[PDB]
C-alpha cells in the first residue's frame, strides 16, 4: 500500500476498538484502497474492521432514480462484506451526529473515510472532527493518482494536468491486493428504501399521463453489474469508441459513469483492464483520456477551487468576456420549468433533456450541447449555472459529482477551455451550433428516439 494514498484529517488518541471505515464515495468491496487501508490498520492493531454508511438527510434533494440505484447497490454490498466477515452499519441521519455517536458507542479505535472534494463531504467532515477524539484519515480510493499528489494546484488545461498525471502513472497504476477477511466474525435496507421512496413519491417525475418518466432497466445497479458493463464495453464497444464517442445516436460509450459515481466499480480497475486489452489504436487513447485526464482533473478542479460551482471559478478571460456580454439581449429566455420539461424551441435540446428524463444518463456529447444552450437562453451566467446544476443533480444517475460541476463549468464558463471567436451573449465561450451537430451525427434520429 502506497502511503501517499492516505492523508490525516485530524490527529487524535487511538482507541482500542475496531477500525471504522466511513464509506461514502466508494461503495464497493473490491478494488477499494480506503477499505484495504482500513483493513490493514485493523490488522496492525489486532482488531476488526467495520464499515459504516450514513443515509443522510439530503436524499430528498434528488430522486427515486438515484436513491434506488444507490440502495440496491448497498444491499448487494452487505452480502459481499459479510462474506469477508466485515460487518456493515447504515446510519439514518447526517454524519456529524451519527458517526461521532457510532465512534463512542462502539469504542472505535481509528476512523477512515474515502475522498470526495465536494462541499457537502467537507461539511460532514468538519462536524465529525468536532465530535471525535480518535485519529481520522482519508484515503483517495476514486483516483488512480491521489488528488493531492497529482498536482499541488488547480490546472487550467488538460494539457498542463496530463503530463503531471502521466508522470505518476508508473508509480500509482498498480494491481490491487485481495481484501483479507476479518479473522473472526465480531431496519433492513428494504424498509429504509420503502420509507425513503414514500417521502420522494410526491416529487417523482411523471408524464402528463401520471406514468413515471424514468426507465430503470438501462443500468442495473451493483458491483457485479458494473463489472459486466465494463466487460461488455471492452469486448463490444472499446474498438469503435474513438470513432463513435461523439455520436449520441449510437450506444457506444462505456456506460460506466453511474457505477463510477457511487464507486460500485474502481476506475483504477477499468484502466487496468483497458490497458491490457488489445483494441483499435486510437480508441484506447481516447477512452483513457476521459477516465484518467478528464475525470481526475474534475477532482483537481473541485479540490483546489472552493467556488467550483460559481462564476468566480471561471478563468479570467471568460469572466471578462461573459461580463462584456451580460447586457446583450438573449434571443430566448426559458424558465427552469420550461427547461425541465424539454419545452424550448430547440428540438435537439428538448430531445437531450428527454434522454436525461427517461434514462438518467444523457449522452456525453449532447451534455456539452445542453449546458451551452442553458447559458444562451438564461438571464445571466450565474442563473445558467444554477439551472444546469439543478437539472444535472436532480436527473443524472451520475450527478452530484465533481465531473458534473467541472463539466458544467467547462460548458458555461470555459473552465479547462480556451477563448473561441467572440459572439454576442455567450462571448468567447466555445459555441456548439445546432447546424454543427447536424454535420456531426444524425440529429433527426436522436430526436426521434427521445420524443
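Residue numbers count along the first chain shown, from 1.
Q: With respect to the deposited sequence, how many residues separating residue 181 from residue 182 are not represented by coordinates: none, 1 to 3, 4 to 9, or 10 or more?
A: Count of unmodelled residues in between: none.
Q: Averaging C-alpha B-factors over each stretch, which comes out higher, 313-321 or 242-250?
A: Comparing 313-321 with 242-250, the higher average CA B-factor belongs to 242-250.
Q: Per the record, averaged over C-alpha atoms, which has the higher B-factor: 386-394 or 53-61?
A: According to the PDB entry, the answer is 53-61.
Q: Going by the deposited entry, which of 132, 165, 362, 271 has the highest CA temperature factor?
A: Answer for 132, 165, 362, 271: 132, with the highest C-alpha B-factor.
Q: Kindly indicate the residue among 369, 115, 214, 106 with the greatest C-alpha B-factor in the PDB record.
A: Within the set 369, 115, 214, 106, 106 shows the top C-alpha B-factor.
Q: Should residue 351 be placed in the lowest, middle or highest third of its chain by the C-alpha B factor in the entry?
A: It falls in the middle third of the chain.
Q: Consider only the C-alpha atoms of the modelled residues in this chain, order them by B-factor as the entry records it, and name the third containing residue 433: lowest, middle or highest.
A: Ranked within chain, residue 433 CA B lands in the middle tercile.
Q: What third of its chain's C-alpha B-factors does residue 43 belong to: lowest, middle or highest?
A: According to the entry, residue 43 has a C-alpha B-factor in the chain's highest third.
Q: By the record's CA B-factor, is residue 155 among the lowest, middle or highest third of residues in the chain?
A: Lowest third, going by the recorded CA B-factors of the chain.
Q: Thinking about Cα B factors across the chain, which third does residue 126 belong to?
A: Within its chain, residue 126 is a middle-third residue by C-alpha B-factor, going by the deposited values.
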